[PDB]
Structures are given as C-alpha cells and as structure tokens.
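Source file input-v1.txt; content: compact mmCIF, C-alpha atoms and all ligand atoms.
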# COMPACT_ATOMS: atom_id res chain seq x y z
CA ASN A 11 -73.31 16.71 -103.04
CA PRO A 12 -71.44 20.08 -102.81
CA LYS A 13 -70.59 19.76 -99.09
CA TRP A 14 -69.02 16.26 -99.36
CA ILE A 15 -67.25 17.33 -102.55
CA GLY A 16 -65.99 20.49 -100.81
CA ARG A 17 -64.61 18.58 -97.77
CA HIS A 18 -62.90 16.26 -100.23
CA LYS A 19 -61.47 19.07 -102.36
CA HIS A 20 -60.01 20.78 -99.27
CA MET A 21 -58.51 17.46 -98.09
CA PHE A 22 -57.07 16.64 -101.54
CA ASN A 23 -55.40 20.10 -101.45
CA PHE A 24 -54.16 19.49 -97.88
CA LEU A 25 -52.52 16.14 -98.75
CA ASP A 26 -51.22 17.27 -102.21
CA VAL A 27 -47.78 17.95 -100.69
CA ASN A 28 -46.29 19.52 -103.87
CA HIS A 29 -49.43 21.52 -104.66
CA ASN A 30 -49.57 20.41 -108.33
CA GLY A 31 -53.22 19.39 -108.38
CA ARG A 32 -52.49 15.69 -108.80
CA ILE A 33 -52.10 13.28 -105.86
CA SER A 34 -50.25 10.05 -105.02
CA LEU A 35 -50.50 7.55 -102.13
CA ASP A 36 -46.95 8.66 -101.32
CA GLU A 37 -48.18 12.23 -100.78
CA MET A 38 -51.21 11.16 -98.76
CA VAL A 39 -49.41 8.72 -96.45
CA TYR A 40 -46.38 10.99 -96.13
CA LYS A 41 -48.43 13.99 -94.92
CA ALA A 42 -50.63 11.90 -92.55
CA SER A 43 -47.54 10.27 -90.94
CA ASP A 44 -45.79 13.61 -90.68
CA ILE A 45 -48.72 15.03 -88.75
CA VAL A 46 -49.16 12.15 -86.32
CA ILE A 47 -45.41 12.05 -85.54
CA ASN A 48 -44.62 15.76 -85.45
CA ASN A 49 -47.92 17.42 -84.42
CA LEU A 50 -49.45 14.70 -82.29
CA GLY A 51 -46.34 13.10 -80.84
CA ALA A 52 -46.99 9.50 -81.91
CA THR A 53 -44.44 6.93 -80.66
CA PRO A 54 -42.78 4.74 -83.31
CA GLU A 55 -45.21 1.89 -82.45
CA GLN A 56 -48.18 4.30 -82.69
CA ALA A 57 -46.93 5.74 -85.98
CA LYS A 58 -46.43 2.33 -87.59
CA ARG A 59 -49.93 1.14 -86.60
CA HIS A 60 -51.34 4.40 -87.99
CA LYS A 61 -49.26 4.13 -91.12
CA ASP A 62 -50.51 0.60 -91.91
CA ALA A 63 -54.12 1.56 -91.30
CA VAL A 64 -54.01 4.90 -93.22
CA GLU A 65 -52.32 3.16 -96.14
CA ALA A 66 -55.17 0.59 -96.27
CA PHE A 67 -57.82 3.34 -95.90
CA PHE A 68 -56.45 5.64 -98.61
CA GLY A 69 -55.57 2.56 -100.73
CA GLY A 70 -59.21 1.56 -100.55
CA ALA A 71 -60.09 4.84 -102.25
CA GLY A 72 -57.87 3.58 -105.15
CA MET A 73 -54.66 5.53 -104.53
CA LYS A 74 -51.38 3.78 -105.17
CA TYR A 75 -47.70 4.32 -104.43
CA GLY A 76 -45.83 5.63 -107.51
CA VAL A 77 -48.98 6.70 -109.32
CA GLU A 78 -50.37 10.23 -109.61
CA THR A 79 -54.15 10.54 -109.60
CA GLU A 80 -56.11 13.42 -110.97
CA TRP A 81 -59.19 14.84 -109.27
CA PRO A 82 -61.96 13.07 -111.31
CA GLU A 83 -60.50 9.63 -110.62
CA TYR A 84 -59.63 10.53 -107.04
CA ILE A 85 -63.18 11.55 -106.21
CA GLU A 86 -64.75 8.61 -108.07
CA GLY A 87 -62.45 6.31 -106.00
CA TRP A 88 -63.78 7.88 -102.76
CA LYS A 89 -67.36 7.54 -103.93
CA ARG A 90 -66.83 3.81 -104.49
CA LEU A 91 -65.09 3.25 -101.19
CA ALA A 92 -67.73 5.22 -99.29
CA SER A 93 -70.54 3.18 -100.88
CA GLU A 94 -68.89 -0.16 -99.97
CA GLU A 95 -67.88 0.89 -96.47
CA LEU A 96 -71.32 2.28 -95.62
CA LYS A 97 -72.78 -1.13 -96.57
CA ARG A 98 -70.32 -2.81 -94.21
CA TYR A 99 -71.10 -0.32 -91.44
CA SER A 100 -74.84 -0.81 -91.98
CA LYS A 101 -74.29 -4.54 -91.37
CA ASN A 102 -72.32 -3.76 -88.19
CA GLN A 103 -69.07 -5.00 -89.79
CA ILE A 104 -65.51 -3.75 -89.52
CA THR A 105 -64.46 -1.05 -92.01
CA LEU A 106 -61.16 0.35 -93.24
CA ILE A 107 -62.10 3.72 -91.80
CA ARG A 108 -62.85 2.18 -88.40
CA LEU A 109 -59.37 0.51 -88.41
CA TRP A 110 -57.80 3.83 -89.33
CA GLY A 111 -59.82 5.66 -86.71
CA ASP A 112 -58.74 3.13 -84.06
CA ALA A 113 -55.04 3.72 -84.73
CA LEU A 114 -55.59 7.51 -84.82
CA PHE A 115 -57.67 7.43 -81.62
CA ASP A 116 -54.80 5.91 -79.61
CA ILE A 117 -52.57 8.80 -80.73
CA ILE A 118 -54.99 11.63 -79.98
CA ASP A 119 -55.84 10.08 -76.63
CA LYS A 120 -52.76 11.55 -74.99
CA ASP A 121 -53.81 10.68 -71.36
CA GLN A 122 -54.60 7.06 -72.36
CA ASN A 123 -57.98 7.09 -70.50
CA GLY A 124 -59.77 5.78 -73.64
CA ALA A 125 -61.76 8.99 -74.29
CA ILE A 126 -60.99 12.29 -76.02
CA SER A 127 -61.17 15.36 -73.84
CA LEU A 128 -61.81 18.83 -75.26
CA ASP A 129 -58.12 19.65 -75.01
CA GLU A 130 -57.25 16.48 -76.88
CA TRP A 131 -59.79 17.40 -79.55
CA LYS A 132 -58.36 20.91 -79.87
CA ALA A 133 -54.97 19.41 -80.61
CA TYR A 134 -56.39 16.98 -83.12
CA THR A 135 -58.42 19.67 -84.99
CA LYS A 136 -55.30 21.79 -85.22
CA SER A 137 -53.31 18.83 -86.62
CA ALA A 138 -55.82 18.57 -89.51
CA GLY A 139 -54.97 22.14 -90.46
CA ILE A 140 -58.09 23.78 -89.04
CA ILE A 141 -57.82 27.30 -87.69
CA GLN A 142 -60.83 28.38 -85.64
CA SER A 143 -61.93 30.07 -82.43
CA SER A 144 -62.32 28.28 -79.14
CA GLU A 145 -66.12 28.63 -79.52
CA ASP A 146 -66.13 26.90 -82.91
CA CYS A 147 -63.91 24.11 -81.67
CA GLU A 148 -66.30 23.62 -78.72
CA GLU A 149 -69.31 23.47 -80.98
CA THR A 150 -67.85 20.71 -83.16
CA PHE A 151 -66.83 18.89 -79.96
CA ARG A 152 -70.51 19.13 -78.74
CA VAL A 153 -71.71 17.86 -82.08
CA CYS A 154 -69.34 14.87 -81.81
CA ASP A 155 -70.25 14.23 -78.16
CA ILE A 156 -73.61 12.57 -78.78
CA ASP A 157 -74.30 11.47 -75.16
CA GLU A 158 -72.96 14.77 -73.83
CA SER A 159 -70.65 12.88 -71.48
CA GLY A 160 -68.00 15.61 -71.89
CA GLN A 161 -65.53 13.30 -73.66
CA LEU A 162 -65.49 11.51 -76.97
CA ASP A 163 -65.54 7.76 -77.11
CA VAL A 164 -64.37 5.42 -79.89
CA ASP A 165 -67.94 5.09 -81.32
CA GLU A 166 -68.41 8.91 -81.32
CA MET A 167 -65.09 9.36 -83.07
CA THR A 168 -66.01 6.64 -85.63
CA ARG A 169 -69.24 8.44 -86.45
CA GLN A 170 -67.19 11.63 -86.77
CA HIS A 171 -64.94 10.06 -89.40
CA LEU A 172 -67.83 8.39 -91.21
CA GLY A 173 -69.67 11.72 -91.47
CA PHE A 174 -66.62 13.53 -92.90
CA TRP A 175 -65.23 11.00 -95.36
CA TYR A 176 -68.25 9.02 -96.53
CA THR A 177 -71.63 10.59 -95.74
CA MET A 178 -73.31 12.24 -98.73
CA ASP A 179 -75.29 15.53 -98.43
CA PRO A 180 -78.80 15.19 -96.87
CA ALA A 181 -81.43 14.58 -99.61
CA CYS A 182 -83.81 17.30 -98.29
CA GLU A 183 -83.47 20.69 -96.73
CA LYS A 184 -84.83 21.69 -93.40
CA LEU A 185 -86.98 24.62 -92.67
CA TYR A 186 -84.60 27.54 -91.72
CA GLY A 187 -81.64 25.68 -93.12
CA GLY A 188 -81.90 23.60 -89.95
CA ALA A 189 -81.76 26.53 -87.47
CA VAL A 190 -84.06 26.97 -84.49
CA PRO A 191 -85.75 30.31 -83.78
CA CA E 1 -49.13 16.31 -105.91
CA CA E 2 -57.96 11.11 -73.12
CA CA E 3 -69.35 11.15 -75.13
Show me the file's structure as structure tokens.
Amino acid sequence: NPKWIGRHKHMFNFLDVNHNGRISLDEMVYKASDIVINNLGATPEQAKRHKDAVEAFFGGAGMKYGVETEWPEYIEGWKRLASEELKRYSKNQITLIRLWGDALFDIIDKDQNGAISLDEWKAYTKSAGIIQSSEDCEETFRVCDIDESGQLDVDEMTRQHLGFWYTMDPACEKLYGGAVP
C-alpha cells in the first residue's frame, strides 16, 4: 500500500509540529485547531466542535495526550482504525471520521449554503498545506464532485475523507495506469 502509506507519512510530517519524527495527540490536535482557527476562520463554537471531533478521530488511531508515538505504532494504529471504521461505513453506520468531517464541513462552508464551492475548496486545500496550480485544484474538485453538480455536498466530502485516511491501494492495476487514450 505505498500510496496510503505515503499520504500518511506526509500527514505525520505535517502534524509533527517539532519535526522530531515522533508524534503526540497534543501535536496533532494543536496543529489541526491552529489551522481551522487561523487559516479557515472558525468561530469559537466551530473550533470547539472541531476540536472535540478531531480529538476523537485521532484518538481512535491510538494517539494520546502526553505520549509520543513513533511511526511503526502510529501507522499500525491507523490501519486498525481504518479497518474498524470501514466496517461501520459498510453497514451504513456513523463513524469517527464522519463526525470529524461534519465539524470540518461547517467551517469550510463559509457561505453557510450547505455545499462547498470551488473557492471554498481552494481555501480548504491550501489549509492542508497543499501548494498546486488552479488546474490541479480544479481536477481534485471534479474528482470529489461525483454528481458534477458544481459544489460538494456532505456525502461527497465524507467519501473524500474516507478515500484519503482509510482506503487502501487498489488490488489490481488498470491498463495504462488508468489513463484513457
Ligand atoms: Ca513531534
Ligand atoms: Ca458554501
Ligand atoms: Ca456535487
């Protein structure tokens, strides 16, 4: 699973505030709160809801306040969480990631219309530390926007999070690495 592992290594590095190669729940929750408040302009109410949910999400992966976790244990923790949460999702049940994604959604939905516009998505992608062209940002928006409505709903954004945090690499390759001639 090199692609899932790679997303997770880049995220571990992003949330490892002191850059020492070990991570705590304090680092992870600190950096996530800092971004929602200072990059995405969350209100106090918004930030507290997000804090509680992100704490439960990252806690589910086995991270704890006051404890430093090394990479092997970190990634095994995410594997375990992903496996349990994908079972819940398969049974149409509530997940920790869905609860997190709900609190985040309210914050990135700046115009409170219940859908994420392209502009809203550009701000969110930037908040996660991504630097990329307009064209690349638009492509990942189109990928997220399954019904091509032009805005991203809660279900689309849930699938987005599930794909990033939990979904393992496809078992088989496609002809042309999945490209179309
Ligand atoms: Ca650290
Ligand atoms: Ca909106
Ligand atoms: Ca849509």
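Taking CA of residue 64 in chain A and CA of residue 117 in chain A as endpoints, the distance between them is 13.2 Å.
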Given all atoms listed in the file as the counted atoms, nearest of A:182, A:25, A:15, A:50 to ligand CA 1 (chain E):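 The closest residue to ligand CA 1 (chain E) is A:25.
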Between CA of residue 11 in chain A and CA of residue 181 in chain A - distance in Å to one decimal: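 Going from CA of residue 181 in chain A over to CA of residue 11 in chain A covers 9.1 Å.
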Shell around residue 19 in chain A at 10 Å using all atoms listed in the file, local window under 6 positions removed, as a ChimeraX atom specification: /A:13,81,84-85
Go through chain A and flag each residue having an atom no more than 6 Å from ligand CA 1 (chain E); for those, report the closest pair of atoms plus their distance in Å to one decimal, using only C-alpha atoms and all ligand atoms, ordered by chain and rising number, as CSV.
residue,atom,partner,partner_atom,distance
A:26,CA,E:CA1,CA,4.4
A:27,CA,E:CA1,CA,5.6
A:28,CA,E:CA1,CA,4.7
A:29,CA,E:CA1,CA,5.4
A:30,CA,E:CA1,CA,4.8
A:31,CA,E:CA1,CA,5.7
A:32,CA,E:CA1,CA,4.5
A:33,CA,E:CA1,CA,4.2
